[PDB]
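Engineer: Input structure: target.cif, which contains mmCIF, C-alpha atoms and all ligand atoms.
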```cif
data_entry
#
loop_
_atom_site.label_atom_id
_atom_site.label_comp_id
_atom_site.auth_asym_id
_atom_site.auth_seq_id
_atom_site.Cartn_x
_atom_site.Cartn_y
_atom_site.Cartn_z
CA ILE A 1 -10.48 44.74 -47.00
CA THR A 2 -6.90 45.33 -45.86
CA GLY A 3 -6.54 48.61 -44.02
CA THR A 4 -6.08 50.22 -40.62
CA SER A 5 -8.52 49.97 -37.77
CA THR A 6 -10.40 53.22 -36.99
CA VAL A 7 -13.32 54.40 -34.86
CA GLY A 8 -16.24 56.13 -36.50
CA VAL A 9 -19.31 57.74 -34.99
CA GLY A 10 -22.93 57.77 -36.03
CA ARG A 11 -26.57 57.48 -35.04
CA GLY A 12 -28.69 54.34 -34.95
CA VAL A 13 -32.33 53.75 -35.93
CA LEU A 14 -33.73 55.18 -32.69
CA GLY A 15 -31.53 58.34 -32.88
CA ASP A 16 -28.89 57.33 -30.35
CA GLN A 17 -25.22 58.19 -30.96
CA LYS A 18 -22.66 55.42 -30.82
CA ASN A 19 -19.04 54.70 -31.76
CA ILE A 20 -18.41 52.01 -34.38
CA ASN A 21 -15.27 50.07 -35.30
CA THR A 22 -14.34 50.72 -38.93
CA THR A 23 -11.47 50.07 -41.36
CA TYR A 24 -9.77 52.78 -43.46
CA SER A 25 -8.56 52.08 -47.00
CA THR A 26 -9.47 55.08 -49.22
CA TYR A 27 -12.97 54.89 -47.72
CA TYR A 28 -13.99 54.01 -44.20
CA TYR A 29 -15.66 50.60 -44.22
CA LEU A 30 -17.99 48.96 -41.69
CA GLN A 31 -15.41 46.32 -40.87
CA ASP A 32 -14.66 45.77 -37.18
CA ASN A 33 -11.26 44.10 -36.80
CA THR A 34 -11.45 44.06 -32.98
CA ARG A 35 -13.69 40.94 -32.73
CA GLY A 36 -12.57 37.57 -34.06
CA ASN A 37 -12.04 37.39 -37.81
CA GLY A 38 -14.14 40.54 -38.17
CA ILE A 39 -17.65 41.96 -38.21
CA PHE A 40 -18.65 43.12 -41.68
CA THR A 41 -21.74 45.16 -42.61
CA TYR A 42 -23.02 45.45 -46.18
CA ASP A 43 -25.49 47.56 -48.17
CA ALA A 44 -28.11 45.53 -50.12
CA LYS A 45 -29.28 48.82 -51.72
CA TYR A 46 -33.03 47.94 -51.62
CA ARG A 47 -32.36 44.79 -53.64
CA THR A 48 -32.26 41.10 -52.79
CA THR A 49 -28.82 40.14 -54.14
CA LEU A 50 -26.66 39.20 -51.13
CA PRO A 51 -24.52 40.29 -49.51
CA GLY A 52 -24.32 43.45 -51.55
CA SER A 53 -21.46 45.91 -51.12
CA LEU A 54 -19.26 46.22 -48.01
CA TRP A 55 -20.45 49.49 -46.49
CA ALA A 56 -18.19 52.38 -47.56
CA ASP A 57 -18.30 55.91 -46.17
CA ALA A 58 -16.09 58.86 -47.16
CA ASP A 59 -15.65 60.54 -43.74
CA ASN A 60 -16.18 57.96 -40.93
CA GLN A 61 -19.33 59.81 -39.78
CA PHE A 62 -22.58 57.86 -40.02
CA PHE A 63 -25.37 60.38 -39.22
CA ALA A 64 -27.45 60.12 -42.44
CA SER A 65 -30.90 58.54 -42.24
CA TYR A 66 -29.72 55.91 -44.75
CA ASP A 67 -26.76 55.07 -42.44
CA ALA A 68 -28.81 54.29 -39.30
CA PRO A 69 -29.72 50.61 -39.99
CA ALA A 70 -26.05 49.91 -40.82
CA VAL A 71 -24.80 51.53 -37.63
CA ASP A 72 -27.10 49.40 -35.50
CA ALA A 73 -26.54 46.09 -37.38
CA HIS A 74 -22.80 46.61 -37.00
CA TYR A 75 -22.86 47.76 -33.35
CA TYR A 76 -25.34 45.16 -32.12
CA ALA A 77 -23.48 42.33 -33.85
CA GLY A 78 -20.53 43.46 -31.74
CA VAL A 79 -22.57 43.39 -28.53
CA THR A 80 -23.81 39.89 -29.38
CA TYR A 81 -20.23 38.71 -30.06
CA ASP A 82 -19.20 40.18 -26.71
CA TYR A 83 -22.06 38.41 -24.88
CA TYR A 84 -21.11 34.99 -26.25
CA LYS A 85 -17.39 35.49 -25.61
CA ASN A 86 -17.59 37.07 -22.17
CA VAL A 87 -20.54 35.10 -20.72
CA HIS A 88 -20.16 31.68 -22.44
CA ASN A 89 -16.51 31.68 -23.57
CA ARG A 90 -17.71 31.14 -27.16
CA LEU A 91 -15.78 32.86 -30.01
CA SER A 92 -18.33 33.84 -32.61
CA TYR A 93 -21.12 31.62 -33.81
CA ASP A 94 -18.92 28.69 -34.81
CA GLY A 95 -16.73 28.85 -31.68
CA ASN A 96 -13.66 29.62 -33.88
CA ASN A 97 -14.07 33.34 -34.56
CA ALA A 98 -15.99 33.07 -37.86
CA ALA A 99 -16.55 36.43 -39.57
CA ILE A 100 -19.98 37.87 -38.81
CA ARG A 101 -21.62 39.35 -41.91
CA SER A 102 -24.83 41.43 -42.05
CA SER A 103 -26.70 43.17 -44.89
CA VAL A 104 -29.10 46.06 -44.37
CA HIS A 105 -31.55 47.78 -46.71
CA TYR A 106 -32.71 44.37 -47.93
CA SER A 107 -35.52 44.69 -50.53
CA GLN A 108 -38.21 47.41 -50.27
CA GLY A 109 -40.62 47.67 -47.33
CA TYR A 110 -39.40 44.30 -46.02
CA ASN A 111 -40.94 43.60 -42.61
CA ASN A 112 -38.52 40.93 -41.38
CA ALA A 113 -34.91 39.94 -40.63
CA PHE A 114 -33.28 36.52 -40.99
CA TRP A 115 -30.20 34.40 -40.93
CA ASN A 116 -29.77 32.88 -44.42
CA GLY A 117 -27.30 30.09 -43.51
CA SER A 118 -24.29 32.40 -44.01
CA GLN A 119 -25.15 35.94 -42.85
CA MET A 120 -27.66 38.31 -41.31
CA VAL A 121 -30.20 40.10 -43.38
CA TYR A 122 -32.35 43.07 -42.29
CA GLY A 123 -35.28 44.76 -43.92
CA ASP A 124 -36.13 48.43 -43.46
CA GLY A 125 -39.77 47.71 -42.63
CA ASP A 126 -42.66 49.46 -44.35
CA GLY A 127 -42.59 52.29 -41.74
CA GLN A 128 -45.94 51.22 -40.19
CA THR A 129 -45.53 47.56 -39.18
CA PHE A 130 -41.74 47.94 -38.61
CA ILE A 131 -38.95 50.45 -38.74
CA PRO A 132 -35.49 49.09 -39.77
CA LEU A 133 -35.18 45.87 -37.88
CA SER A 134 -31.54 46.15 -36.86
CA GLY A 135 -32.74 48.83 -34.42
CA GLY A 136 -33.72 45.98 -32.03
CA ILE A 137 -30.84 44.48 -30.08
CA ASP A 138 -33.04 41.44 -29.29
CA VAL A 139 -33.75 41.06 -33.03
CA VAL A 140 -30.03 41.14 -33.96
CA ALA A 141 -29.16 38.71 -31.17
CA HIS A 142 -32.12 36.43 -32.10
CA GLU A 143 -30.87 36.15 -35.67
CA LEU A 144 -27.20 35.60 -34.77
CA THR A 145 -28.31 32.93 -32.26
CA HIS A 146 -29.75 30.96 -35.21
CA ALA A 147 -26.15 30.74 -36.49
CA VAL A 148 -25.07 29.40 -33.09
CA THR A 149 -27.84 26.84 -33.06
CA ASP A 150 -27.12 25.73 -36.62
CA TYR A 151 -23.43 25.10 -35.70
CA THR A 152 -24.29 23.30 -32.43
CA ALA A 153 -27.57 21.44 -31.79
CA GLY A 154 -28.65 21.84 -35.41
CA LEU A 155 -32.36 21.81 -34.56
CA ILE A 156 -34.40 21.16 -37.71
CA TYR A 157 -36.63 24.18 -38.50
CA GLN A 158 -40.00 22.49 -38.30
CA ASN A 159 -42.46 21.21 -35.70
CA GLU A 160 -41.19 20.86 -32.12
CA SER A 161 -37.46 21.00 -32.95
CA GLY A 162 -38.13 24.21 -34.88
CA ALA A 163 -40.09 25.73 -32.00
CA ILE A 164 -37.12 24.95 -29.74
CA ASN A 165 -34.84 26.61 -32.34
CA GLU A 166 -37.02 29.72 -32.23
CA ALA A 167 -37.29 29.77 -28.43
CA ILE A 168 -33.49 29.52 -28.09
CA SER A 169 -33.22 32.59 -30.33
CA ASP A 170 -35.80 34.46 -28.21
CA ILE A 171 -34.11 33.40 -24.97
CA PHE A 172 -30.62 34.46 -26.01
CA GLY A 173 -31.92 37.53 -27.85
CA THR A 174 -33.44 38.59 -24.51
CA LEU A 175 -30.36 37.68 -22.47
CA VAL A 176 -28.22 39.78 -24.84
CA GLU A 177 -30.69 42.68 -24.43
CA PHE A 178 -30.27 42.37 -20.61
CA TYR A 179 -26.45 42.13 -21.00
CA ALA A 180 -26.37 45.44 -22.90
CA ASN A 181 -28.70 46.75 -20.16
CA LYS A 182 -30.23 49.74 -21.96
CA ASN A 183 -34.03 49.13 -21.89
CA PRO A 184 -34.33 45.38 -21.30
CA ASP A 185 -37.52 43.34 -21.09
CA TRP A 186 -38.94 39.85 -21.77
CA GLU A 187 -40.67 41.04 -24.96
CA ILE A 188 -39.37 40.47 -28.53
CA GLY A 189 -38.88 43.29 -31.04
CA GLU A 190 -40.65 46.11 -29.14
CA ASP A 191 -38.11 48.71 -30.25
CA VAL A 192 -38.77 48.24 -33.99
CA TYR A 193 -42.42 47.03 -34.14
CA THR A 194 -45.36 49.36 -34.88
CA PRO A 195 -43.90 52.88 -34.29
CA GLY A 196 -47.46 54.22 -34.07
CA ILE A 197 -48.37 51.90 -31.12
CA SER A 198 -46.81 52.03 -27.65
CA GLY A 199 -46.29 48.95 -25.45
CA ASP A 200 -46.69 46.10 -28.00
CA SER A 201 -44.15 43.63 -29.42
CA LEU A 202 -44.03 40.60 -31.74
CA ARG A 203 -44.03 38.06 -28.92
CA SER A 204 -43.93 38.01 -25.13
CA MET A 205 -41.93 35.47 -23.13
CA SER A 206 -43.58 36.48 -19.87
CA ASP A 207 -47.10 36.06 -21.26
CA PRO A 208 -47.09 34.39 -24.70
CA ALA A 209 -50.88 34.47 -24.90
CA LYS A 210 -50.80 38.31 -25.01
CA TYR A 211 -50.04 37.84 -28.75
CA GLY A 212 -51.98 34.61 -29.36
CA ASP A 213 -49.20 32.12 -28.64
CA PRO A 214 -49.60 29.01 -26.47
CA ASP A 215 -48.28 28.98 -22.91
CA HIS A 216 -48.99 25.29 -22.23
CA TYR A 217 -48.39 22.09 -24.26
CA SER A 218 -52.16 21.39 -24.24
CA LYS A 219 -52.57 24.54 -26.40
CA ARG A 220 -49.89 23.62 -28.94
CA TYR A 221 -50.51 24.29 -32.65
CA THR A 222 -50.38 21.11 -34.81
CA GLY A 223 -51.27 22.53 -38.21
CA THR A 224 -48.89 23.22 -41.13
CA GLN A 225 -48.59 27.03 -41.14
CA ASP A 226 -45.28 28.62 -40.05
CA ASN A 227 -43.31 25.35 -40.53
CA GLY A 228 -45.65 23.62 -38.12
CA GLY A 229 -45.88 26.63 -35.75
CA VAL A 230 -42.22 27.37 -34.98
CA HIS A 231 -42.95 31.00 -33.94
CA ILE A 232 -46.20 29.95 -32.22
CA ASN A 233 -45.21 26.90 -30.19
CA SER A 234 -42.00 28.69 -29.16
CA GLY A 235 -44.25 30.36 -26.55
CA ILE A 236 -44.41 27.13 -24.55
CA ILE A 237 -40.64 27.02 -24.17
CA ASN A 238 -40.31 30.78 -23.83
CA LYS A 239 -42.74 30.64 -20.88
CA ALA A 240 -40.73 27.82 -19.28
CA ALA A 241 -37.51 29.85 -19.65
CA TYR A 242 -39.17 32.93 -18.20
CA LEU A 243 -40.41 30.88 -15.21
CA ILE A 244 -36.97 29.34 -14.62
CA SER A 245 -35.42 32.83 -14.47
CA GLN A 246 -38.14 34.94 -12.83
CA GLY A 247 -40.36 32.42 -11.04
CA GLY A 248 -44.15 32.47 -10.87
CA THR A 249 -47.30 30.40 -10.53
CA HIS A 250 -48.73 29.25 -13.86
CA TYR A 251 -51.87 27.14 -14.11
CA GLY A 252 -51.49 26.49 -10.37
CA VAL A 253 -47.85 25.27 -10.58
CA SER A 254 -45.32 27.42 -8.63
CA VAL A 255 -41.74 27.83 -9.83
CA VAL A 256 -38.89 29.34 -7.81
CA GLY A 257 -36.83 31.65 -10.00
CA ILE A 258 -33.05 31.22 -10.22
CA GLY A 259 -32.21 34.33 -12.30
CA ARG A 260 -31.02 35.16 -15.79
CA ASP A 261 -27.39 34.12 -15.49
CA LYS A 262 -28.28 30.58 -14.44
CA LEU A 263 -31.02 30.36 -17.10
CA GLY A 264 -28.36 31.26 -19.68
CA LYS A 265 -25.82 28.76 -18.35
CA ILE A 266 -28.37 25.91 -18.30
CA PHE A 267 -29.73 26.56 -21.79
CA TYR A 268 -26.27 27.25 -23.33
CA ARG A 269 -25.03 23.90 -21.98
CA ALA A 270 -28.20 22.14 -23.22
CA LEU A 271 -27.82 23.71 -26.67
CA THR A 272 -24.14 22.84 -27.02
CA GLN A 273 -23.93 19.41 -25.23
CA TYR A 274 -27.31 17.67 -25.32
CA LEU A 275 -29.79 18.87 -27.95
CA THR A 276 -29.73 17.24 -31.39
CA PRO A 277 -31.34 18.09 -34.76
CA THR A 278 -34.48 16.10 -33.97
CA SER A 279 -34.97 17.02 -30.28
CA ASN A 280 -38.58 17.45 -29.22
CA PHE A 281 -39.92 19.31 -26.20
CA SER A 282 -39.68 16.21 -23.93
CA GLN A 283 -36.03 15.84 -24.97
CA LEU A 284 -35.41 19.52 -24.25
CA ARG A 285 -36.68 19.01 -20.70
CA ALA A 286 -34.24 16.09 -20.33
CA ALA A 287 -31.37 18.17 -21.76
CA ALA A 288 -32.08 21.09 -19.43
CA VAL A 289 -32.37 18.75 -16.43
CA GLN A 290 -29.05 17.08 -17.31
CA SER A 291 -27.39 20.47 -17.88
CA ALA A 292 -28.58 21.87 -14.55
CA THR A 293 -27.45 18.61 -12.84
CA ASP A 294 -23.99 18.96 -14.37
CA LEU A 295 -23.69 22.58 -13.21
CA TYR A 296 -25.47 22.57 -9.84
CA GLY A 297 -26.06 18.97 -8.71
CA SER A 298 -29.02 16.65 -8.87
CA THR A 299 -30.57 17.80 -5.55
CA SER A 300 -30.17 21.54 -6.33
CA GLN A 301 -32.79 24.26 -6.40
CA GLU A 302 -31.74 24.85 -10.01
CA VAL A 303 -32.69 21.31 -11.06
CA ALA A 304 -35.93 21.54 -9.07
CA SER A 305 -36.90 24.78 -10.79
CA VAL A 306 -36.15 23.42 -14.24
CA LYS A 307 -38.49 20.49 -13.54
CA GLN A 308 -41.16 22.73 -12.03
CA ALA A 309 -41.08 25.12 -15.04
CA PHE A 310 -41.50 22.34 -17.59
CA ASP A 311 -44.25 20.85 -15.42
CA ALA A 312 -45.95 24.25 -15.38
CA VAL A 313 -46.10 24.35 -19.20
CA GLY A 314 -47.22 20.74 -19.56
CA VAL A 315 -43.97 19.28 -20.88
CA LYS A 316 -43.02 15.92 -19.33
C1 LIG A 401 -36.78 38.24 -33.91
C2 LIG A 401 -37.66 38.87 -34.77
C3 LIG A 401 -37.40 38.58 -36.24
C4 LIG A 401 -38.19 39.58 -37.00
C5 LIG A 401 -37.67 37.09 -36.60
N1 LIG A 401 -37.24 36.71 -37.98
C6 LIG A 401 -39.13 36.69 -36.41
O1 LIG A 401 -39.51 36.37 -35.29
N2 LIG A 401 -39.93 36.66 -37.46
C7 LIG A 401 -41.30 36.16 -37.31
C8 LIG A 401 -42.30 37.23 -36.88
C9 LIG A 401 -42.70 38.17 -37.98
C10 LIG A 401 -41.64 39.04 -38.40
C11 LIG A 401 -42.14 40.11 -39.31
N3 LIG A 401 -43.34 39.73 -40.11
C12 LIG A 401 -41.75 35.51 -38.62
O2 LIG A 401 -42.82 34.85 -38.58
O3 LIG A 401 -40.99 35.55 -39.60
CA CA A 402 -20.39 59.84 -43.77
CA CA A 403 -36.48 46.54 -24.58
CA CA A 404 -36.98 43.00 -25.90
CA CA A 405 -44.98 49.47 -31.23
ZN ZN A 406 -35.96 33.16 -35.71
#
```
Represent the supplied structure as structure tokens.
Ligand SMILES: CC[C@H](C)[C@H](N)C(=O)N[C@@H](CCCC[NH3+])C(=O)O
Ligand SMILES: [Ca+2]
Ligand SMILES: [Ca+2]
Ligand SMILES: [Ca+2]
Ligand SMILES: [Ca+2]
Ligand SMILES: [Zn+2]
Structural biologist:
Amino acid sequence: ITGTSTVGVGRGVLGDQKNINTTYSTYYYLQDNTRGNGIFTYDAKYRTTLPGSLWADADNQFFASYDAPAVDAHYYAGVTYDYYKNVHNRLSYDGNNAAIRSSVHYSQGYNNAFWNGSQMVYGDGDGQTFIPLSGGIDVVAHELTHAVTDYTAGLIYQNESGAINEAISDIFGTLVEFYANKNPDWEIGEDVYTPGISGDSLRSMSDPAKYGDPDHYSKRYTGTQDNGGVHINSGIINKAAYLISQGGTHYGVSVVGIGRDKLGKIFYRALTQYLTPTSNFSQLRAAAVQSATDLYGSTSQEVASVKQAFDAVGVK
């Protein structure tokens, strides 16, 4: 909508107060004009018609229970935009400042969030399995990273290419969570999963097998569920990424960690310069090796650690 840029205030899903960028034209809308061609947040009103209505508020205060998922979708889309611009020099998901659109209050009791090819979509959860999923910065950043991937490598969402697609979303979702630096970890979705249970998450990058996911190629899933295991086999790559950053010894193979910033640089370059729609795990290792060689040199510690991490998880 055409209007003037304003700054509202509200509370997110976890009860934290934050300032949001809004637009005033009769109502105050969740339209942030400060980032690219805008960040836009919509109300799906418990239905499944998308995007729904651009979020309108009479007073620019967003403290109602019903407001909280909107606040967080809007705010955390902004953080994710800032991460890509400031860390990777990328302007929105398409690299040309595409508008970022999100809808909240999708369906009733909907225990998921997704990128639909055009926008973000967030359920409210059923209140037991999940609370509203935009409350997780890693969740928001995971979903927006699918848009990045789709515009860049274009990894097909099945089998090994799909597990890479998922791992890239977990990797950058985590790196965004560290960038914001509130309560960061190498777990996925802990802030919105199972409010009645402390210390769990959907997936772990540091120890995928904590939630039943493989941490070595020899344990890969080859059945048909989950698009050939895209959220299962992602654990193999997630573990490799964790080892590259943090180091460790895994199945007897020791990796020297090189830290989060270098992990991000290596994987961002692989995603944007080397991976293709049909890349498999072997080809990801090659892409990451080439990326780290470009950035650091063939005889670098960074290259050595990339190779050691893939070796550790059985990917040649
Ligand atoms: C990043 C988390 C987000 C919910 C994502 N769409 C996801 O990982 N979903 C998988 C895990 C289950 C989510 C709720 N049932 C999924 O398999 O869809
Ligand atoms: Ca209000
Ligand atoms: Ca956390
Ligand atoms: Ca996390
Ligand atoms: Ca929990
Ligand atoms: Zn995903």
Engineer: Within 7 Å of ligand ZN 406 (chain A), counting all atoms listed in the file: which residues, as a ChimeraX atom specification?
Structural biologist: /A:114,142-143,146,166,169
Engineer: What gap, in Å, lies between CA of residue 105 in chain A and CA of residue 118 in chain A?
Structural biologist: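 The value is 17.2 Å.
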Engineer: Residues within 8 Å of ligand CA 403 (chain A) (all atoms listed in the file), as a list in words?
Structural biologist: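 Result of the 8 Å neighbour search around ligand CA 403 (chain A): residues 136, 138, 177, 182, 183, 184, 185, 186, 187, 188, 189, 190 and 191 of chain A.
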Engineer: Per residue of chain A within 9 Å of ligand CA 402 (chain A), which atom pair is closest and at what distance in Å (one decimal), using all atoms listed in the file, listed by chain and increasing number, as JSON lines?
Structural biologist:
```
{"residue": "A:10", "atom": "CA", "partner": "A:CA402", "partner_atom": "CA", "distance": 8.4}
{"residue": "A:28", "atom": "CA", "partner": "A:CA402", "partner_atom": "CA", "distance": 8.7}
{"residue": "A:56", "atom": "CA", "partner": "A:CA402", "partner_atom": "CA", "distance": 8.7}
{"residue": "A:57", "atom": "CA", "partner": "A:CA402", "partner_atom": "CA", "distance": 5.1}
{"residue": "A:58", "atom": "CA", "partner": "A:CA402", "partner_atom": "CA", "distance": 5.6}
{"residue": "A:59", "atom": "CA", "partner": "A:CA402", "partner_atom": "CA", "distance": 4.8}
{"residue": "A:60", "atom": "CA", "partner": "A:CA402", "partner_atom": "CA", "distance": 5.4}
{"residue": "A:61", "atom": "CA", "partner": "A:CA402", "partner_atom": "CA", "distance": 4.1}
{"residue": "A:62", "atom": "CA", "partner": "A:CA402", "partner_atom": "CA", "distance": 4.8}
{"residue": "A:63", "atom": "CA", "partner": "A:CA402", "partner_atom": "CA", "distance": 6.8}
{"residue": "A:64", "atom": "CA", "partner": "A:CA402", "partner_atom": "CA", "distance": 7.2}
{"residue": "A:67", "atom": "CA", "partner": "A:CA402", "partner_atom": "CA", "distance": 8.1}
```
Engineer: For a quick check of understanding, using all atoms listed in the file, which of A:233, A:204, A:22, A:301 has the smallest distance to residue 219 in chain A?
Structural biologist: A:233
Engineer: Find the residues around residue 124 in chain A up to 9 Å (all atoms listed in the file counted), leave out those fewer than 3 positions away in its own chain, and share them as a ChimeraX atom specification.
Structural biologist: /A:46,69,104-112,127,130-134
Engineer: Identify which of the residues A:23, A:192, A:120, A:180 lies closest to ligand CA 405 (chain A), counting only C-alpha atoms and all ligand atoms when measuring atom-to-atom distances.
Structural biologist: A:192
Engineer: Quote the spacing between CA of residue 102 in chain A and CA of residue 42 in chain A in Å to one decimal place.
Structural biologist: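 Computed distance, CA of residue 102 in chain A to CA of residue 42 in chain A, equals 6.0 Å.
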Engineer: So which one's closest to residue 74 in chain A, A:6, A:29, A:37, A:98? Using all atoms listed in the file, please.
Structural biologist: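 So, comparing all the options, the nearest one is A:29.
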Engineer: In the coordinate frame of the file, compute which residues have an atom within 8 Å of (-20.3, 43.1, -35.2) when using all atoms listed in the file, and state them as number ranges by chain.
Structural biologist: A: 32, 35, 38-41, 73-81, 100-101
Engineer: What's the 10 Å shell around residue 221 in chain A, counting all atoms listed in the file, without same-chain residues fewer than 4 positions away, as number ranges by chain?
Structural biologist: A: 159-160, 213-214, 217, 225, 228-230, 232-233
Engineer: Leaving out residue 207 in chain A and any residue of its chain fewer than 6 positions from it, which residues lie within 12 Å of it when counting all atoms listed in the file, given as a PyMOL selection string?
Structural biologist: chain A and resi 186-188+201+213-216+234-243+248+250+313
Engineer: How many Å lie between CA of residue 260 in chain A and CA of residue 179 in chain A, rounded to one decimal?
Structural biologist: 9.8 Å
Engineer: For each of A:202, A:87, A:164, A:153, take the minimum atom-to-atom distance to ligand CA 405 (chain A), counting all atoms listed in the file, then give the residue where this is smallest.
Structural biologist: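 Residue with the minimum atom-to-atom distance to ligand CA 405 (chain A): A:202.
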Engineer: Would you name the residues within 6 Å of ligand CA 405 (chain A), counting only C-alpha atoms and all ligand atoms, and put them as number ranges by chain?
Structural biologist: A: 190, 193-195, 197-200
Engineer: Please write the residues from the selection above to a file, keeping C-alpha atoms, as a short mmCIF file (atom, residue, chain, number, x, y, z; two decimals), in the frame of the given file.
Structural biologist:
```cif
data_model
loop_
_atom_site.label_atom_id
_atom_site.label_comp_id
_atom_site.auth_asym_id
_atom_site.auth_seq_id
_atom_site.Cartn_x
_atom_site.Cartn_y
_atom_site.Cartn_z
CA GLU A 190 -40.65 46.11 -29.14
CA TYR A 193 -42.42 47.03 -34.14
CA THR A 194 -45.36 49.36 -34.88
CA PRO A 195 -43.90 52.88 -34.29
CA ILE A 197 -48.37 51.90 -31.12
CA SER A 198 -46.81 52.03 -27.65
CA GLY A 199 -46.29 48.95 -25.45
CA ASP A 200 -46.69 46.10 -28.00
#
```
Engineer: Only N, CA and C atoms, please: range 146-167 of chain A from the block, as a tab-separated table (two decimals), in the first residue's frame.
Structural biologist:
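See selection.tsv below for the written result:
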```tsv
chain	number	residue	atom	x	y	z
A	146	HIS	N	14.84	-21.48	1.74
A	146	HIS	CA	14.35	-22.23	0.60
A	146	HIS	C	14.16	-21.31	-0.61
A	147	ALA	N	13.71	-20.07	-0.40
A	147	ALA	CA	13.54	-19.14	-1.51
A	147	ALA	C	14.90	-18.86	-2.14
A	148	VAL	N	15.94	-18.62	-1.34
A	148	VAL	CA	17.28	-18.43	-1.82
A	148	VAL	C	17.73	-19.60	-2.67
A	149	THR	N	17.60	-20.78	-2.12
A	149	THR	CA	18.00	-21.99	-2.83
A	149	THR	C	17.27	-22.10	-4.17
A	150	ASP	N	15.97	-21.89	-4.15
A	150	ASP	CA	15.17	-22.06	-5.36
A	150	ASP	C	15.65	-21.11	-6.46
A	151	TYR	N	16.11	-19.92	-6.12
A	151	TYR	CA	16.57	-18.89	-7.04
A	151	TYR	C	17.99	-19.13	-7.50
A	152	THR	N	18.76	-19.99	-6.82
A	152	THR	CA	20.19	-20.15	-7.01
A	152	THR	C	20.44	-21.58	-7.48
A	153	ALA	N	20.90	-22.47	-6.59
A	153	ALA	CA	21.18	-23.84	-7.00
A	153	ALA	C	19.96	-24.53	-7.59
A	154	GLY	N	18.79	-24.33	-7.00
A	154	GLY	CA	17.59	-24.95	-7.55
A	154	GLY	C	17.48	-26.44	-7.29
A	155	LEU	N	18.08	-26.88	-6.19
A	155	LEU	CA	18.08	-28.27	-5.77
A	155	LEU	C	16.68	-28.87	-5.77
A	156	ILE	N	16.50	-29.94	-6.53
A	156	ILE	CA	15.23	-30.64	-6.64
A	156	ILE	C	14.87	-31.25	-5.28
A	157	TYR	N	13.61	-31.14	-4.86
A	157	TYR	CA	13.19	-31.50	-3.50
A	157	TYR	C	12.88	-32.98	-3.35
A	158	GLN	N	13.87	-33.81	-3.60
A	158	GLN	CA	13.72	-35.24	-3.48
A	158	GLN	C	15.10	-35.87	-3.34
A	159	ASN	N	15.17	-36.99	-2.60
A	159	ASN	CA	16.39	-37.80	-2.59
A	159	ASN	C	17.58	-36.95	-2.14
A	160	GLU	N	18.79	-37.19	-2.65
A	160	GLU	CA	19.94	-36.51	-2.08
A	160	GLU	C	19.91	-34.99	-2.36
A	161	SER	N	19.51	-34.54	-3.55
A	161	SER	CA	19.43	-33.12	-3.79
A	161	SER	C	18.47	-32.44	-2.81
A	162	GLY	N	17.38	-33.12	-2.47
A	162	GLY	CA	16.41	-32.58	-1.54
A	162	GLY	C	16.94	-32.52	-0.11
A	163	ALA	N	17.74	-33.55	0.29
A	163	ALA	CA	18.37	-33.52	1.60
A	163	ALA	C	19.40	-32.41	1.69
A	164	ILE	N	20.13	-32.11	0.59
A	164	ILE	CA	21.00	-30.95	0.56
A	164	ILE	C	20.16	-29.67	0.73
A	165	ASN	N	19.05	-29.58	0.01
A	165	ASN	CA	18.17	-28.41	0.07
A	165	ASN	C	17.79	-28.15	1.54
A	166	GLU	N	17.36	-29.22	2.22
A	166	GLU	CA	16.95	-29.12	3.61
A	166	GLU	C	18.11	-28.74	4.51
A	167	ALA	N	19.27	-29.37	4.33
A	167	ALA	CA	20.43	-29.05	5.15
A	167	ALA	C	20.85	-27.59	4.98
```
